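Some notes on the structure that comes next.
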There are 2 protein chains.
Amino acid sequence: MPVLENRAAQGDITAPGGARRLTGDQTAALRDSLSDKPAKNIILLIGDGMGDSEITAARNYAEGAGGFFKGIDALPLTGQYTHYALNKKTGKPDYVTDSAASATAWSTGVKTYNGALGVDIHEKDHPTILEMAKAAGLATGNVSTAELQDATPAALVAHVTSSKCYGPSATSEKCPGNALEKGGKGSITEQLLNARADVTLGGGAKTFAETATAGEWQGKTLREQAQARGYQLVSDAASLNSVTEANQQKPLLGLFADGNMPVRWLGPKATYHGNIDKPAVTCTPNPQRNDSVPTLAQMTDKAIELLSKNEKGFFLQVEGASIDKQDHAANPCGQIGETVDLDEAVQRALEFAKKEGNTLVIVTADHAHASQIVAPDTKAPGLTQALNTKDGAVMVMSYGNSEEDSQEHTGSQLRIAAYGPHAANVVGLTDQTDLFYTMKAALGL
Amino acid sequence: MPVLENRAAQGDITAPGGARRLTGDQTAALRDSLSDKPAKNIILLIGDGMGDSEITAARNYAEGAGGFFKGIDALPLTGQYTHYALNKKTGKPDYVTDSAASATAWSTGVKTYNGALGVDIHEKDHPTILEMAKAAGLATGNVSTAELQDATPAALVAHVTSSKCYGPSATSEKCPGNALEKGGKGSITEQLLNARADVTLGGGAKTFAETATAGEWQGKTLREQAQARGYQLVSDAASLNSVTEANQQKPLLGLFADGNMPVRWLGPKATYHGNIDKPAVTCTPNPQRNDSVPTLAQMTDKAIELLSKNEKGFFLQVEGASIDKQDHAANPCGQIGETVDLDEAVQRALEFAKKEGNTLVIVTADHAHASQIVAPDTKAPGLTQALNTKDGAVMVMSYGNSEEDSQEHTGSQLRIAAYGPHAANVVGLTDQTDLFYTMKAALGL
Ligand SMILES: [Mg+2]
Ligand SMILES: [Mg+2]
Ligand SMILES: [Zn+2]
Ligand SMILES: [Zn+2]
Ligand SMILES: [Zn+2]
Ligand SMILES: [Zn+2]
């Protein structure tokens with residue numbers, strides 16, 4: 001089963017045929033990309049807020065307009081999917097999802113209301129793909145550059161009526177029906193610990209310093225609970241690297257930041273008339289990010305390594321979470337940098353999948369976002385920035401959909417791409433909830 | 001070769017699985033969708049400015065979030081393609097194309113600068129796919145809801161250094177190298193009459209009132225010239241319908257409006273804080289549109305009827321031009337109405353292609369645009385509007401990339417979809433110029 005090896009511009013983009021990404025007919029290559037044998041493993045990679053615009057902008061800057069993402073762009077089977085949520089009262093569509101309702105959709109196969117994690121509009125719990133994988137004897141992995149309590153990772157492990165229910169205090173206040181001391185299953189962090197994926201890697205160390213109000217581990221911080229329950233805790237690159245096994249006897253929990261993990265690139269925030277009155281920007285490495293903090297690729301590496309020891313197979317989710325957060329912050333360098341960071345993780349995933357040959361790799365986003373690519377001389381009403389790209393030309397980005405401090409999600413359908421067994425099920429128009437049923441059928445759960 | 005029959009939500013979108021668009025595994029159907037036999041015919045349908053956003057907004061409004069465009073969404077093979085232009089001075093990428101540069105890319109296989117038609121950055125002419133088709137004995141059709149001099153239909157039949165060169169007068173002023181009296185090939189309209197497609201249908205009667213400055217038909221209107229050269233002129237739906245043949249002896253020229261053809265739906269323009277200050281809008285049919293004006297689907301139908309008589313095959317391009325024009329105008333109803341208009345035309349194309357069996361249908365856009373779907377309570381700096389959708393819920397659209405009176409194109413990659421022989425060549429990441437080569441190779445040109 002082939003990967004797309006090189007769909008860069010093949011020539012002189014100014015000459016006839018020089019911008020072509022194809023060197024010949026694709027019918028045979030695509031025939032060869034279609035198998036309905038069982039997936040042994042799945043790797044799902046989510047660029048949070050990574051719409052087609054975010055992919056294009058990132059490619060334009062980092063690789064040139066005619067360049068090629070050896071990870072993101074390399075998956076042969078592509079479609080567009082819909083990620084609309086539901087209004088909680090009416091059950092009618094709500095055309096722009098948040099991260100919680102969208103992650104709930106691919107992870108349980110039920111649509112839900114903005115802010116819901118692993119529950120439906122009736123607040124009824126539904127099983128997640130990770131829970132099902134594990135129940136079937138599969139190894140399970142949950143990796144993110146966000147706090148692990150954030151919606152995308154949390155959706156695989158927690159069932160709560162509001163995604164703000166990070167730890168015991170939040171939960172008692174905002175999700176009283178989920179609060180442990182009220183007879184509920186507990187906060188997001190408490191539920192994550194109960195779920196006991198083999199491998200869990202991200203930020204969100206700070207919520208683990210809260211103490212439980214009830215239950216078996218009442219009166220201990222959640223970290224202590226984790227330790228008392230046999231988890232291996234690591235906090236940096238070197239300690240992650242040292243881990244040699246992860247399973248149900250010795251699950252791995254990696255906590256790499258108090259909150260979200262730091263982004264890799266620095267650049268200024270976009271500003272009003274920024275493309276006109278401020279110089280073109282070149283992104284630079286983020287000086288506030290220590291090399292000791294593992295990258296998404298490094299996290300993804302170790303996770304594959306440890307999960308792949310399972311004879312029966314694994315489920316792994318990997319989230320480039322700060323594409324979204326930097327898009328909210330109108331920061332093109334931040335956003336682009338996190339798209340590049342995700343492309344690196346996709347590369348590791350496909351290289352693994354290629355050699356093993358029974359692994360379904362999926363790359364998409366939870367919803368679209370604000371950023372747009374506009375003409376260099378645009379006079380726009382929102383925040384803009386000129387950037388010096390790999391091509392040696394200026395690209396302007398625009399953030400035009402919020403007068404408040406945060407730019408907003410958008411509701412456009414967006415790219416979903418796949419490689420490997422059952423990848424066909426991503427092609428054409430689908431819904432985010434199909435992804436659940438695709439993964440479930442692929443793994444035979 | 002199957003068409004996607006029904007990818008609407010399959011059940012109760014509030015219940016598990018109810019929002020699925022798929023009813024089972026797609027590997028078989030997709031395999032059955034892959035053929036490398038020759039395309040006898042090609043029907044290329046362009047929604048001008050119809051990015052994924054535009055598709056989604058139109059689906060949400062007209063069919064509901066979980067609805068299904070029986071034309072647009074029914075093509076089984078899907079990918080995302082890049083449409084960047086070139087800076088004429090540098091030859092480097094210009095990340096946001098106009099309609100002229102993009103149409104030149106698929107019609108010719110060469111990238112070019114914004115505003116160029118059938119010429120490269122050096123202002124050298126390159127042959128178009130329609131010209132090549134004609135050369136090989138195939139029937140040729142060129143259909144648009146725009147002025148026939150507008151960029152998209154013009155790119156098939158005209159080679160000019162500026163897309164503004166509608167007729168003799170503009171050409172002498174702005175493309176003196178192309179001016180007939182200066183020894184050039186002529187204005188866009190003169191070159192369209194030389195190209196002599198079998199079927200040409202659109203708007204743009206105005207420029208035909210001009211008289212030529214030189215050549216055999218000096219002093220005659222370009223309308224008189226068309227008639228002196230054996231063209232059959234039609235002007236409304238009944239006259240179009242009564243045409244029984246179109247060929248090189250009697251080429252068909254349909255001029256249904258003085259400028260662009262009138263749009264199908266009316267609604268108010270989006271305004272600053274429009275979603276907040278103005279009630280939700282319901283689009284209505286444009287009561288100023290005479291029913292004697294053929295719709296795009298009616299023009300498509302007649303074109304297919306006439307072109308399909310050629311035993312060797314045909315090439316037909318069909319453009320839903322006013323998606324772009326209404327997006328520029330921040331008019332959600334006009335925009336969505338034109339996307340619905342296009343979907344009707346696509347259904348005609350697919351219906352023909354399914355029975356005929358050797359016809360490749362391609363549906364895409366020239367570039368992306370401004371419109372975004374945003375949360376109903378968004379407070380945005382640009383122009384917004386709340387719409388009452390078919391779901392019985394409010395959608396808000398936003399136009400946030402220009403302070404001037406035209407909303408701007410955007411550079412995001414966007415959906416391309418195909419059905420029929422060689423439709424594989426649209427899947428994955430491609431470039432707009434690959435489409436040229438795909439069409440060329442499919443017809444053995
Ligand atoms: Mg997230
Ligand atoms: Mg056009
Ligand atoms: Zn998100
Ligand atoms: Zn967000
Ligand atoms: Zn256009
Ligand atoms: Zn335009």
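Identifiers for the structure tokens are assigned positionally: chains receive A, B, ... in sequence, residues are indexed from 1 per chain, and ligands are indexed from 1 in the order shown.
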
Skipping near chain neighbours, those fewer than 4 positions away, what residues fall within 9 Å of residue 94 in chain A using only C-alpha atoms, listed as a ChimeraX atom specification? /A:84-87,113-114 /B:65,375-376,393-395

Counting only C-alpha atoms and all ligand atoms, name the residues that have an atom within 8 Å of an atom of ligand 5; the answer should be given as a PyMOL selection string. chain B and resi 48-49+98-100+102+151-152+321+324+365-367+409

Per DSSP on the backbone, what are the strand (DSSP E) residues of range 11-229 of chain B, as a PyMOL selection string? chain B and resi 41-47+77-82+85-86+93-94+139-147+199-203

Could you save those same residues with N, CA and C atoms as a CSV table (one decimal), in the first residue's frame?
chain,number,residue,atom,x,y,z
B,41,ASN,N,-16.0,11.9,-23.2
B,41,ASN,CA,-16.5,13.2,-22.9
B,41,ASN,C,-16.0,13.7,-21.5
B,42,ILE,N,-15.9,15.0,-21.4
B,42,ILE,CA,-15.6,15.6,-20.1
B,42,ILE,C,-16.5,16.8,-19.9
B,43,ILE,N,-17.1,16.8,-18.7
B,43,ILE,CA,-17.9,17.9,-18.3
B,43,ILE,C,-17.2,18.5,-17.0
B,44,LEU,N,-16.7,19.7,-17.2
B,44,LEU,CA,-16.0,20.4,-16.1
B,44,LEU,C,-17.0,21.5,-15.5
B,45,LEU,N,-17.4,21.4,-14.3
B,45,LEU,CA,-18.3,22.4,-13.6
B,45,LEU,C,-17.5,23.1,-12.6
B,46,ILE,N,-17.4,24.4,-12.7
B,46,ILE,CA,-16.7,25.3,-11.8
B,46,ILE,C,-17.8,26.2,-11.1
B,47,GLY,N,-17.7,26.2,-9.8
B,47,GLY,CA,-18.4,27.1,-8.9
B,47,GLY,C,-17.4,28.2,-8.6
B,77,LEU,N,-15.0,10.5,-5.9
B,77,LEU,CA,-13.6,10.7,-5.7
B,77,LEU,C,-13.3,12.1,-5.4
B,78,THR,N,-12.6,12.4,-4.3
B,78,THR,CA,-12.4,13.7,-3.8
B,78,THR,C,-11.0,14.0,-3.4
B,79,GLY,N,-10.6,15.2,-3.5
B,79,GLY,CA,-9.3,15.7,-3.1
B,79,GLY,C,-9.3,17.2,-2.8
B,80,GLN,N,-8.1,17.7,-2.6
B,80,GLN,CA,-8.0,19.2,-2.3
B,80,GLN,C,-6.9,19.7,-3.2
B,81,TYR,N,-7.1,20.7,-3.9
B,81,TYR,CA,-6.1,21.3,-4.9
B,81,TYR,C,-5.7,22.7,-4.6
B,82,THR,N,-4.5,23.1,-5.1
B,82,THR,CA,-3.9,24.4,-4.9
B,82,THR,C,-4.0,25.2,-6.2
B,85,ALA,N,-1.5,31.8,-7.8
B,85,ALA,CA,-1.0,32.3,-9.0
B,85,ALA,C,0.5,32.7,-8.9
B,86,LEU,N,1.0,33.5,-9.9
B,86,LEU,CA,2.4,33.9,-9.9
B,86,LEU,C,2.4,35.4,-9.9
B,93,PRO,N,5.4,32.6,-6.3
B,93,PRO,CA,4.0,32.5,-6.1
B,93,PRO,C,3.3,33.7,-5.5
B,94,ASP,N,2.1,33.9,-5.9
B,94,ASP,CA,1.2,34.9,-5.4
B,94,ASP,C,0.1,34.1,-4.8
B,139,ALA,N,-16.6,17.9,-30.2
B,139,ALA,CA,-17.5,19.0,-29.9
B,139,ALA,C,-17.1,19.7,-28.6
B,140,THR,N,-17.3,21.1,-28.6
B,140,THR,CA,-16.9,21.9,-27.5
B,140,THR,C,-18.0,22.8,-27.1
B,141,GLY,N,-18.2,22.9,-25.8
B,141,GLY,CA,-19.1,23.8,-25.1
B,141,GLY,C,-18.5,24.6,-24.0
B,142,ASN,N,-19.0,25.9,-23.9
B,142,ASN,CA,-18.5,26.9,-23.0
B,142,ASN,C,-19.8,27.6,-22.5
B,143,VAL,N,-20.1,27.4,-21.2
B,143,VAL,CA,-21.4,27.8,-20.6
B,143,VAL,C,-21.1,28.5,-19.3
B,144,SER,N,-21.8,29.6,-19.0
B,144,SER,CA,-21.5,30.4,-17.8
B,144,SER,C,-22.8,31.3,-17.5
B,145,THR,N,-22.9,31.6,-16.2
B,145,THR,CA,-23.9,32.6,-15.9
B,145,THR,C,-23.3,34.0,-15.9
B,146,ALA,N,-22.0,34.1,-16.0
B,146,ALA,CA,-21.3,35.4,-16.2
B,146,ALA,C,-21.5,35.9,-17.6
B,147,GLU,N,-21.3,37.2,-17.8
B,147,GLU,CA,-20.8,37.8,-19.1
B,147,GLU,C,-19.8,36.8,-19.8
B,199,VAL,N,-20.9,25.2,-29.0
B,199,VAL,CA,-21.9,25.8,-28.1
B,199,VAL,C,-21.3,26.8,-27.1
B,200,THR,N,-21.7,28.0,-27.1
B,200,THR,CA,-21.3,29.1,-26.2
B,200,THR,C,-22.6,29.8,-25.6
B,201,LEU,N,-22.8,29.7,-24.3
B,201,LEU,CA,-24.0,30.2,-23.7
B,201,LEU,C,-23.7,30.9,-22.4
B,202,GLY,N,-24.1,32.2,-22.4
B,202,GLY,CA,-24.0,33.0,-21.2
B,202,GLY,C,-24.6,34.4,-21.4
B,203,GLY,N,-24.0,35.3,-20.6
B,203,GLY,CA,-24.4,36.8,-20.7
B,203,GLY,C,-23.4,37.5,-21.5

Using only C-alpha atoms and all ligand atoms: which of B:181, B:327, B:236, B:351 has the shortest distance to ligand 6: B:327

Give me, as a list in words, all polymer residues having an atom no more than 6 Å from residue 235 in chain B, counting only C-alpha atoms and skipping those fewer than 3 positions away in the same chain. residues 254, 255 and 256 of chain B

Those selected residues, please, written with C-alpha atoms and delivered as an mmCIF file, in the first residue's frame.
data_model
loop_
_atom_site.group_PDB
_atom_site.id
_atom_site.type_symbol
_atom_site.label_atom_id
_atom_site.label_comp_id
_atom_site.auth_asym_id
_atom_site.auth_seq_id
_atom_site.Cartn_x
_atom_site.Cartn_y
_atom_site.Cartn_z
ATOM 1 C CA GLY B 254 -26.556 32.324 -26.523
ATOM 2 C CA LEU B 255 -26.575 35.886 -25.075
ATOM 3 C CA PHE B 256 -29.117 35.956 -22.215
#

Just the residues within 8 Å of residue 163 in chain A, please, counting only C-alpha atoms, with nothing from its chain fewer than 5 positions along; format it as a ChimeraX atom specification. /A:100,115-117,150-151,188

So which residues touch residue 133 in chain A within 7 Å, counting only C-alpha atoms, skipping near sequence neighbours fewer than 5 positions away, as a PyMOL selection string? chain A and resi 138+140+315+445

Go ahead and write the selection's residues with N, CA, C and O atoms as a compact mmCIF listing (two decimals), in the first residue's frame.
# COMPACT_ATOMS: atom_id res chain seq x y z
N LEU A 138 -6.82 -4.55 23.30
CA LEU A 138 -5.89 -3.68 22.58
C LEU A 138 -5.15 -2.73 23.51
O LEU A 138 -5.70 -2.28 24.51
N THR A 140 -3.72 0.98 24.36
CA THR A 140 -4.33 2.28 24.12
C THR A 140 -3.38 3.42 24.47
O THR A 140 -2.71 3.39 25.49
N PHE A 315 -4.75 1.26 19.83
CA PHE A 315 -5.38 2.51 19.44
C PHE A 315 -4.53 3.64 19.98
O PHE A 315 -4.19 3.65 21.17
N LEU A 445 -14.28 -4.06 16.66
CA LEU A 445 -14.67 -3.96 18.08
C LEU A 445 -16.16 -4.22 18.27
O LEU A 445 -16.91 -3.88 17.38

Show which residues sit within 10 Å of range 13-18 of chain B, as a list in words. Count only C-alpha atoms, and ignore same-chain residues fewer than 6 positions away. residues 85, 86, 87, 88, 90, 91, 92, 93, 105, 108, 109, 110, 111, 112, 113, 120, 121, 122, 126, 433, 434, 436 and 437 of chain A; 65 and 66 of chain B

Pull N, CA, C and O atoms from the residues just selected and write them as an mmCIF file, in the first residue's frame.
data_model
loop_
_atom_site.group_PDB
_atom_site.id
_atom_site.type_symbol
_atom_site.label_atom_id
_atom_site.label_comp_id
_atom_site.auth_asym_id
_atom_site.auth_seq_id
_atom_site.Cartn_x
_atom_site.Cartn_y
_atom_site.Cartn_z
ATOM 1 N N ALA A 85 -22.251 20.534 15.539
ATOM 2 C CA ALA A 85 -22.726 20.026 16.842
ATOM 3 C C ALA A 85 -24.251 20.182 16.882
ATOM 4 O O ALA A 85 -24.900 20.415 15.853
ATOM 5 N N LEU A 86 -24.824 20.019 18.070
ATOM 6 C CA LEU A 86 -26.261 20.140 18.285
ATOM 7 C C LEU A 86 -26.513 21.144 19.385
ATOM 8 O O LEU A 86 -25.713 21.261 20.319
ATOM 9 N N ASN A 87 -27.643 21.844 19.294
ATOM 10 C CA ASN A 87 -28.087 22.661 20.394
ATOM 11 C C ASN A 87 -28.645 21.710 21.418
ATOM 12 O O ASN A 87 -29.414 20.808 21.057
ATOM 13 N N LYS A 88 -28.295 21.916 22.689
ATOM 14 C CA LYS A 88 -28.636 20.940 23.747
ATOM 15 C C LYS A 88 -30.115 20.822 24.023
ATOM 16 O O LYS A 88 -30.602 19.752 24.381
ATOM 17 N N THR A 90 -32.749 21.746 21.757
ATOM 18 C CA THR A 90 -33.611 21.476 20.621
ATOM 19 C C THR A 90 -33.218 20.202 19.894
ATOM 20 O O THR A 90 -34.043 19.590 19.177
ATOM 21 N N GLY A 91 -31.956 19.830 20.052
ATOM 22 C CA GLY A 91 -31.375 18.766 19.261
ATOM 23 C C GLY A 91 -31.152 19.117 17.806
ATOM 24 O O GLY A 91 -30.777 18.244 17.047
ATOM 25 N N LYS A 92 -31.390 20.379 17.408
ATOM 26 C CA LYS A 92 -31.161 20.813 16.035
ATOM 27 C C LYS A 92 -29.694 21.108 15.881
ATOM 28 O O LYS A 92 -28.980 21.254 16.871
ATOM 29 N N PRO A 93 -29.208 21.163 14.624
ATOM 30 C CA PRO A 93 -27.795 21.465 14.474
ATOM 31 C C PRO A 93 -27.365 22.842 15.024
ATOM 32 O O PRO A 93 -28.130 23.833 14.960
ATOM 33 N N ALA A 105 -17.954 13.337 19.209
ATOM 34 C CA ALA A 105 -18.514 12.732 17.979
ATOM 35 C C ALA A 105 -17.659 11.575 17.380
ATOM 36 O O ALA A 105 -18.209 10.506 17.134
ATOM 37 N N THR A 108 -17.248 8.702 20.329
ATOM 38 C CA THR A 108 -18.419 7.898 20.745
ATOM 39 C C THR A 108 -19.408 7.604 19.599
ATOM 40 O O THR A 108 -20.204 6.682 19.716
ATOM 41 N N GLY A 109 -19.341 8.366 18.501
ATOM 42 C CA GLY A 109 -20.238 8.163 17.380
ATOM 43 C C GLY A 109 -21.610 8.793 17.633
ATOM 44 O O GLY A 109 -22.551 8.513 16.909
ATOM 45 N N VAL A 110 -21.723 9.647 18.651
ATOM 46 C CA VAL A 110 -22.961 10.427 18.873
ATOM 47 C C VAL A 110 -22.661 11.933 18.859
ATOM 48 O O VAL A 110 -21.717 12.403 19.490
ATOM 49 N N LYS A 111 -23.470 12.668 18.093
ATOM 50 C CA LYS A 111 -23.427 14.128 18.108
ATOM 51 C C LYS A 111 -23.791 14.614 19.515
ATOM 52 O O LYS A 111 -24.464 13.901 20.239
ATOM 53 N N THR A 112 -23.361 15.830 19.885
ATOM 54 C CA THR A 112 -23.656 16.384 21.224
ATOM 55 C C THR A 112 -23.554 17.914 21.248
ATOM 56 O O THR A 112 -23.346 18.539 20.208
ATOM 57 N N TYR A 113 -23.718 18.513 22.427
ATOM 58 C CA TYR A 113 -23.775 19.975 22.557
ATOM 59 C C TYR A 113 -22.400 20.533 22.881
ATOM 60 O O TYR A 113 -21.564 19.837 23.416
ATOM 61 N N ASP A 120 -24.245 12.597 25.609
ATOM 62 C CA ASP A 120 -25.109 13.082 24.546
ATOM 63 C C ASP A 120 -25.967 14.263 25.032
ATOM 64 O O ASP A 120 -25.769 14.749 26.161
ATOM 65 N N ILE A 121 -26.914 14.753 24.215
ATOM 66 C CA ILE A 121 -27.645 15.952 24.623
ATOM 67 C C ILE A 121 -28.501 15.683 25.857
ATOM 68 O O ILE A 121 -28.949 16.616 26.480
ATOM 69 N N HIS A 122 -28.732 14.417 26.202
ATOM 70 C CA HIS A 122 -29.549 14.029 27.369
ATOM 71 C C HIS A 122 -28.669 13.826 28.609
ATOM 72 O O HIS A 122 -29.176 13.501 29.674
ATOM 73 N N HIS A 126 -21.779 7.720 26.917
ATOM 74 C CA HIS A 126 -21.610 6.770 25.828
ATOM 75 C C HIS A 126 -20.144 6.321 25.769
ATOM 76 O O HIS A 126 -19.262 7.129 25.986
ATOM 77 N N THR A 433 -19.077 11.710 12.790
ATOM 78 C CA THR A 433 -19.498 10.516 13.552
ATOM 79 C C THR A 433 -19.194 9.222 12.792
ATOM 80 O O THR A 433 -19.054 8.187 13.408
ATOM 81 N N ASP A 434 -19.110 9.285 11.462
ATOM 82 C CA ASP A 434 -18.653 8.142 10.693
ATOM 83 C C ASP A 434 -17.248 7.706 11.106
ATOM 84 O O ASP A 434 -16.936 6.525 11.062
ATOM 85 N N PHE A 436 -15.971 7.477 13.979
ATOM 86 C CA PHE A 436 -16.146 6.515 15.057
ATOM 87 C C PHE A 436 -16.427 5.120 14.502
ATOM 88 O O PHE A 436 -15.791 4.137 14.898
ATOM 89 N N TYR A 437 -17.405 5.051 13.593
ATOM 90 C CA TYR A 437 -17.883 3.772 13.082
ATOM 91 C C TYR A 437 -16.830 3.174 12.173
ATOM 92 O O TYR A 437 -16.657 1.950 12.131
ATOM 93 N N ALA B 65 -27.814 20.748 7.921
ATOM 94 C CA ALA B 65 -26.445 20.381 8.224
ATOM 95 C C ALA B 65 -26.148 18.943 7.816
ATOM 96 O O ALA B 65 -25.064 18.652 7.244
ATOM 97 N N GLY B 66 -27.122 18.075 8.086
ATOM 98 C CA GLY B 66 -27.043 16.652 7.738
ATOM 99 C C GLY B 66 -27.717 16.303 6.409
ATOM 100 O O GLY B 66 -27.917 15.126 6.110
#

Near residue 323 in chain A, within 12 Å and counting only C-alpha atoms, which residues show up once chain neighbours fewer than 6 positions away are dropped, as a CSV table (one decimal) with N, CA and C atoms, in the first residue's frame?
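File produced: around.csv:
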chain,number,residue,atom,x,y,z
A,46,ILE,N,-5.1,14.4,15.1
A,46,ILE,CA,-6.0,15.6,15.1
A,46,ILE,C,-5.2,16.9,15.2
A,47,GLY,N,-5.3,17.8,14.2
A,47,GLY,CA,-4.8,19.1,14.3
A,47,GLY,C,-6.0,19.9,14.7
A,48,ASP,N,-6.0,20.4,15.9
A,48,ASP,CA,-7.1,21.1,16.4
A,48,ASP,C,-7.2,22.4,15.7
A,49,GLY,N,-8.4,22.6,15.0
A,49,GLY,CA,-8.6,23.8,14.3
A,49,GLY,C,-7.9,23.8,12.9
A,50,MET,N,-7.4,22.7,12.5
A,50,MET,CA,-6.6,22.6,11.3
A,50,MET,C,-7.5,22.3,10.1
A,51,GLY,N,-8.2,23.4,9.7
A,51,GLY,CA,-8.9,23.4,8.4
A,51,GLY,C,-8.0,23.5,7.2
A,53,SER,N,-7.6,25.8,5.2
A,53,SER,CA,-6.8,27.1,5.2
A,53,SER,C,-5.5,27.1,6.0
A,54,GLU,N,-5.6,26.4,7.2
A,54,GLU,CA,-4.5,26.4,8.1
A,54,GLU,C,-3.5,25.5,7.5
A,55,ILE,N,-3.9,24.4,6.8
A,55,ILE,CA,-2.9,23.5,6.1
A,55,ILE,C,-2.2,24.3,5.0
A,57,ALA,N,-1.8,27.6,4.6
A,57,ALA,CA,-1.0,28.7,5.1
A,57,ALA,C,0.3,28.2,5.6
A,58,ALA,N,0.3,27.1,6.4
A,58,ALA,CA,1.4,26.4,6.9
A,58,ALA,C,2.3,25.9,5.7
A,144,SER,N,-1.2,14.4,23.5
A,144,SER,CA,-1.6,15.8,23.2
A,144,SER,C,-0.6,16.8,23.6
A,145,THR,N,-0.5,17.9,22.9
A,145,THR,CA,0.3,19.0,23.3
A,145,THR,C,-0.5,20.0,24.3
A,146,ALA,N,-1.7,19.7,24.5
A,146,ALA,CA,-2.6,20.5,25.4
A,146,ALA,C,-2.5,19.8,26.8
A,262,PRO,N,4.4,24.4,25.7
A,262,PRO,CA,4.8,25.6,25.0
A,262,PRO,C,4.9,25.4,23.5
A,263,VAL,N,4.6,26.4,22.7
A,263,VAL,CA,4.6,26.2,21.2
A,263,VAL,C,6.0,26.4,20.8
A,264,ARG,N,6.3,26.0,19.6
A,264,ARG,CA,7.7,26.0,19.1
A,264,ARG,C,8.2,27.3,18.4
A,265,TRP,N,7.3,28.0,17.7
A,265,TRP,CA,7.7,29.2,17.1
A,265,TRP,C,7.2,30.4,17.7
A,329,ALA,N,-5.5,33.1,19.1
A,329,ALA,CA,-4.6,34.2,19.5
A,329,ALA,C,-4.2,35.1,18.4
A,330,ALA,N,-4.6,34.8,17.2
A,330,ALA,CA,-4.3,35.6,15.9
A,330,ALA,C,-2.7,35.6,15.8
A,331,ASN,N,-2.1,34.5,15.9
A,331,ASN,CA,-0.6,34.4,15.9
A,331,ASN,C,-0.2,33.5,14.8
A,332,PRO,N,0.1,34.0,13.6
A,332,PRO,CA,0.5,33.1,12.5
A,332,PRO,C,1.7,32.2,12.7
A,333,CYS,N,2.7,32.8,13.4
A,333,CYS,CA,3.9,32.0,13.6
A,333,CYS,C,3.6,30.9,14.6
A,334,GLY,N,2.9,31.2,15.7
A,334,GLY,CA,2.5,30.1,16.6
A,334,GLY,C,1.7,29.0,15.9
A,335,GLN,N,0.7,29.4,15.1
A,335,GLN,CA,-0.2,28.5,14.5
A,335,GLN,C,0.5,27.7,13.5
A,336,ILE,N,1.3,28.3,12.6
A,336,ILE,CA,2.1,27.6,11.6
A,336,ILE,C,3.1,26.6,12.2
A,337,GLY,N,3.8,27.1,13.2
A,337,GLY,CA,4.7,26.3,13.9
A,337,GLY,C,4.1,25.0,14.5
A,338,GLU,N,2.9,25.1,15.0
A,338,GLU,CA,2.2,23.9,15.5
A,338,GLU,C,1.6,23.0,14.4
A,339,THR,N,1.4,23.6,13.2
A,339,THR,CA,1.1,22.8,12.1
A,339,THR,C,2.3,21.9,11.6
A,340,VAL,N,3.5,22.6,11.5
A,340,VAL,CA,4.7,21.9,11.3
A,340,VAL,C,5.0,20.8,12.3
A,341,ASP,N,4.8,21.1,13.6
A,341,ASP,CA,5.0,20.1,14.7
A,341,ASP,C,4.1,18.9,14.5
A,342,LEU,N,2.8,19.1,14.1
A,342,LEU,CA,1.9,18.0,13.8
A,342,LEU,C,2.4,17.2,12.5
A,343,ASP,N,2.9,17.9,11.5
A,343,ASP,CA,3.4,17.2,10.3
A,343,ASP,C,4.5,16.3,10.7
A,365,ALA,N,-9.0,17.4,11.4
A,365,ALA,CA,-9.2,18.4,12.4
A,365,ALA,C,-10.6,18.2,13.0
A,366,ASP,N,-10.8,18.8,14.2
A,366,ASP,CA,-12.1,18.8,14.9
A,366,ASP,C,-13.1,19.8,14.3
A,367,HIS,N,-12.6,20.9,13.6
A,367,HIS,CA,-13.4,21.9,13.0
A,367,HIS,C,-12.5,22.9,12.3
A,368,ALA,N,-13.1,23.8,11.6
A,368,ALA,CA,-12.3,24.8,10.8
A,368,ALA,C,-12.1,26.0,11.8
A,369,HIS,N,-11.3,27.0,11.4
A,369,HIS,CA,-11.0,28.1,12.2
A,369,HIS,C,-11.0,29.5,11.4
A,370,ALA,N,-10.5,30.5,12.1
A,370,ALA,CA,-10.6,31.9,11.6
A,370,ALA,C,-9.6,32.2,10.4
A,371,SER,N,-8.4,31.7,10.5
A,371,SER,CA,-7.3,32.3,9.6
A,371,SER,C,-7.7,32.1,8.1
A,409,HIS,N,-13.7,29.7,15.9
A,409,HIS,CA,-13.9,28.5,15.1
A,409,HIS,C,-14.9,28.9,13.9
